[PDB]
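Student: Structure supplied as work20.txt; contents: compact mmCIF, C-alpha atoms and all ligand atoms.
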```
# COMPACT_ATOMS: atom_id res chain seq x y z
CA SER A 5 220.25 -41.54 157.72
CA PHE A 6 220.26 -37.78 156.92
CA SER A 7 223.84 -36.61 156.32
CA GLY A 8 225.54 -33.28 155.63
CA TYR A 9 223.00 -31.04 157.28
CA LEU A 10 223.73 -27.86 159.25
CA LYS A 11 221.94 -27.68 162.62
CA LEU A 12 219.91 -24.43 162.98
CA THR A 13 217.95 -25.22 166.22
CA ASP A 14 217.19 -28.12 168.50
CA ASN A 15 214.87 -29.60 165.81
CA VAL A 16 215.55 -27.80 162.45
CA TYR A 17 218.36 -28.79 160.06
CA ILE A 18 219.23 -27.41 156.59
CA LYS A 19 221.15 -28.55 153.48
CA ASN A 20 221.82 -27.21 149.95
CA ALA A 21 220.21 -30.06 148.01
CA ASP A 22 217.52 -30.95 145.51
CA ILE A 23 214.73 -32.49 147.71
CA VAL A 24 214.09 -35.12 144.99
CA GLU A 25 217.72 -36.29 145.03
CA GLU A 26 217.71 -36.24 148.85
CA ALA A 27 214.54 -38.38 148.94
CA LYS A 28 216.05 -40.90 146.50
CA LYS A 29 219.15 -41.19 148.68
CA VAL A 30 217.51 -41.30 152.16
CA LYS A 31 214.05 -42.81 151.38
CA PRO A 32 212.59 -40.99 154.48
CA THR A 33 209.35 -41.91 156.23
CA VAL A 34 207.87 -38.57 155.11
CA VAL A 35 208.71 -36.24 152.23
CA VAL A 36 206.79 -32.90 152.12
CA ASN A 37 205.42 -31.67 148.79
CA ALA A 38 204.85 -27.93 148.15
CA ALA A 39 201.35 -28.63 146.81
CA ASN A 40 198.51 -26.46 145.51
CA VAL A 41 194.88 -27.07 146.54
CA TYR A 42 194.14 -29.06 143.36
CA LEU A 43 197.21 -31.32 143.77
CA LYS A 44 198.26 -30.36 140.20
CA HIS A 45 202.01 -31.04 140.33
CA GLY A 46 203.26 -28.96 137.38
CA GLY A 47 206.47 -27.22 138.41
CA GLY A 48 208.82 -26.35 141.26
CA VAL A 49 209.17 -28.93 143.99
CA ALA A 50 205.80 -30.58 143.12
CA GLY A 51 206.61 -30.98 139.40
CA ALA A 52 210.05 -32.37 140.23
CA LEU A 53 208.75 -34.90 142.85
CA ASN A 54 205.96 -36.02 140.51
CA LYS A 55 208.39 -36.50 137.57
CA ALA A 56 210.58 -38.69 139.79
CA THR A 57 207.56 -40.93 140.47
CA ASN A 58 206.93 -41.37 136.69
CA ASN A 59 203.58 -39.46 137.15
CA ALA A 60 202.27 -41.99 139.72
CA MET A 61 201.97 -39.16 142.28
CA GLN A 62 199.70 -37.20 139.88
CA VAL A 63 197.48 -40.26 139.14
CA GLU A 64 197.02 -40.90 142.87
CA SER A 65 196.40 -37.21 143.48
CA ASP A 66 193.70 -36.96 140.79
CA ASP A 67 191.84 -39.89 142.41
CA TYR A 68 192.13 -38.14 145.83
CA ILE A 69 190.67 -34.86 144.47
CA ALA A 70 187.90 -36.72 142.54
CA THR A 71 186.87 -38.27 145.91
CA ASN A 72 187.47 -35.44 148.39
CA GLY A 73 187.58 -32.14 146.54
CA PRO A 74 190.37 -29.59 146.89
CA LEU A 75 192.48 -28.99 149.97
CA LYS A 76 192.35 -25.68 151.89
CA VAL A 77 195.24 -23.15 151.66
CA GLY A 78 197.11 -23.99 154.91
CA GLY A 79 195.92 -27.64 154.79
CA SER A 80 197.44 -30.99 153.94
CA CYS A 81 196.84 -34.62 153.09
CA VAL A 82 198.95 -37.77 153.49
CA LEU A 83 199.37 -39.85 150.30
CA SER A 84 201.89 -42.49 149.17
CA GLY A 85 205.61 -41.57 148.84
CA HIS A 86 205.91 -43.97 145.88
CA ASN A 87 209.62 -44.64 145.16
CA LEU A 88 210.77 -41.56 147.15
CA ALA A 89 209.51 -42.09 150.70
CA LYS A 90 206.96 -44.16 152.70
CA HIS A 91 204.52 -41.20 152.66
CA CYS A 92 204.20 -37.80 150.96
CA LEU A 93 202.69 -35.05 153.09
CA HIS A 94 201.14 -32.65 150.50
CA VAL A 95 201.09 -29.24 152.22
CA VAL A 96 199.52 -26.08 150.72
CA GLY A 97 201.33 -22.89 151.63
CA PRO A 98 199.82 -19.57 150.48
CA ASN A 99 200.75 -18.45 146.98
CA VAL A 100 201.39 -14.73 147.24
CA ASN A 101 201.36 -14.46 143.38
CA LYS A 102 197.61 -15.48 143.65
CA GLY A 103 196.87 -12.97 146.55
CA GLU A 104 196.64 -15.65 149.29
CA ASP A 105 197.09 -14.58 152.91
CA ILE A 106 200.72 -14.97 154.04
CA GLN A 107 199.41 -15.51 157.65
CA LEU A 108 198.29 -18.98 156.39
CA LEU A 109 202.03 -19.93 156.20
CA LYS A 110 202.09 -20.64 159.96
CA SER A 111 198.96 -22.88 159.58
CA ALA A 112 200.71 -24.69 156.71
CA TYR A 113 203.80 -25.44 158.83
CA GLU A 114 201.59 -26.71 161.74
CA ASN A 115 200.83 -29.78 159.58
CA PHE A 116 204.48 -30.85 160.10
CA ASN A 117 203.82 -31.34 163.84
CA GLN A 118 201.75 -34.48 163.11
CA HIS A 119 204.98 -36.33 162.00
CA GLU A 120 208.07 -37.13 164.10
CA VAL A 121 210.53 -36.47 161.28
CA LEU A 122 210.21 -34.96 157.81
CA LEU A 123 212.27 -34.10 154.75
CA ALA A 124 210.84 -30.76 153.50
CA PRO A 125 211.23 -27.70 151.27
CA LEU A 126 210.63 -24.10 152.42
CA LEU A 127 206.88 -23.56 152.08
CA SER A 128 205.57 -20.67 149.99
CA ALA A 129 209.10 -19.93 148.66
CA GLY A 130 210.31 -20.47 145.08
CA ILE A 131 207.48 -20.15 142.56
CA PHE A 132 204.94 -19.53 145.39
CA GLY A 133 206.36 -16.00 145.68
CA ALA A 134 207.01 -15.50 149.44
CA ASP A 135 210.30 -14.39 151.00
CA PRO A 136 212.32 -17.55 151.85
CA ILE A 137 213.96 -15.83 154.84
CA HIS A 138 210.47 -15.30 156.29
CA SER A 139 209.50 -18.90 155.48
CA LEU A 140 212.53 -20.27 157.39
CA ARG A 141 211.68 -18.05 160.43
CA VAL A 142 208.03 -19.26 160.48
CA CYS A 143 209.31 -22.89 160.15
CA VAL A 144 211.68 -22.54 163.17
CA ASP A 145 208.99 -20.78 165.29
CA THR A 146 206.17 -23.27 164.39
CA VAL A 147 207.53 -26.80 163.83
CA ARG A 148 208.41 -28.78 166.98
CA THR A 149 209.17 -32.13 165.29
CA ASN A 150 212.44 -32.90 163.48
CA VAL A 151 212.61 -31.22 160.10
CA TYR A 152 215.38 -31.62 157.49
CA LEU A 153 215.11 -28.71 155.03
CA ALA A 154 216.49 -29.10 151.49
CA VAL A 155 217.13 -25.78 149.70
CA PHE A 156 217.95 -26.19 145.99
CA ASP A 157 219.55 -22.82 145.26
CA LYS A 158 223.10 -22.49 146.67
CA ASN A 159 223.04 -18.69 146.67
CA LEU A 160 219.76 -18.70 148.67
CA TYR A 161 221.10 -21.42 151.05
CA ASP A 162 224.15 -19.24 151.85
CA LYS A 163 221.92 -16.19 152.46
CA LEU A 164 219.56 -18.21 154.73
CA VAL A 165 222.48 -19.45 156.85
CA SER A 166 224.34 -16.09 157.06
CA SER A 167 221.22 -14.13 158.07
CA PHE A 168 219.83 -16.73 160.56
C1 LIG B 201 211.43 -23.64 147.30
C2 LIG B 201 212.70 -22.87 147.07
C3 LIG B 201 213.26 -22.30 148.36
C4 LIG B 201 213.75 -23.77 146.39
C5 LIG B 201 214.91 -22.99 145.83
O1 LIG B 201 215.96 -22.88 146.44
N1 LIG B 201 214.78 -22.58 144.57
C6 LIG B 201 213.56 -22.88 143.85
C7 LIG B 201 213.12 -24.32 144.06
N2 LIG B 201 213.32 -24.79 145.43
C8 LIG B 201 213.52 -26.15 145.70
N3 LIG B 201 214.14 -26.40 146.87
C9 LIG B 201 214.46 -27.69 147.10
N4 LIG B 201 214.33 -28.75 146.29
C10 LIG B 201 213.72 -28.47 145.14
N5 LIG B 201 213.43 -29.35 144.13
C11 LIG B 201 212.74 -28.68 143.16
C12 LIG B 201 212.59 -27.37 143.50
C13 LIG B 201 213.23 -27.20 144.77
```
Please express what this file holds, its structure, as structure tokens.
Ligand SMILES: CC(C)[C@@H]1C(=O)NCCN1c1ncnc2[nH]ccc12

Tutor:
Amino acid sequence: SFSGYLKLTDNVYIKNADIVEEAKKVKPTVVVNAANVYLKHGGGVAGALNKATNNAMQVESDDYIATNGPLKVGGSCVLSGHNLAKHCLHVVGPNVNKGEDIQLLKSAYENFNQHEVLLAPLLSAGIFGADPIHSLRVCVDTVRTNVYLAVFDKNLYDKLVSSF
């Protein structure tokens, strides 16, 4: 049920789209959130996904952290997708604005391999401060399962395609 995507490789696809609007249209098995280790969904992809769930994602997330403690940078957890998807895979890419090791970006993308198909953003890009061209290259060289990437900014989408 994904439509309008450009094929990059055997298993990676890309579209200029808001991931929240794509999740509402497709209702995929798995939507990836660009999480932080505290699961505090304030802005960027995480803030937008949480707003679309009417804050239910944040309430579930706070219970998960109260039980388990914070995630690791490079780690993930599977929670409910609420009204957007069956599941949300909360994945923590390194935040370069906080001095986190960019080598952890490959570890972050390895979490995608546990799921046959995912709707996802570019990890560590946007407000996380990493180069999106680098994030797309790590994605293509790490993920083996079928990934549908939604890139919100049209100018960035065009650059990602034309430099691929
Ligand atoms: C992570 C970035 C590459 C990307 C981008 O193009 N500009 C910044 C935000 N972002 C998103 N990309 C997809 N869906 C989104 N919904 C909310 C934010 C967002």

Student: Go through A:14, A:105, A:114, A:22 and flag the residue nearest ligand LIG 201 (chain B), using all atoms listed in the file for the distances.

Tutor: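 Using all atoms listed in the file, ligand LIG 201 (chain B) sits closest to A:22.
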
Student: Restricting the calculation to all atoms listed in the file: of A:134, A:147, A:12, A:43, which residue gets closest to residue 112 in chain A?

Tutor: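 Checking each of A:134, A:147, A:12, A:43 against residue 112 in chain A, counting all atoms listed in the file, the winner is A:147.
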
Student: Pick the closest to residue 89 in chain A from A:164, A:153, A:56, A:10: which is it, counting only C-alpha atoms?

Tutor: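 Selected residue with least distance to residue 89 in chain A: A:56.
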
Student: Between A:83, A:108, A:151, A:52, which residue has the minimum interatomic distance to residue 25 in chain A, considering all atoms listed in the file?

Tutor: A:52

Student: CA of residue 90 in chain A to CA of residue 33 in chain A: how many Å, to one decimal?

Tutor: 4.8 Å
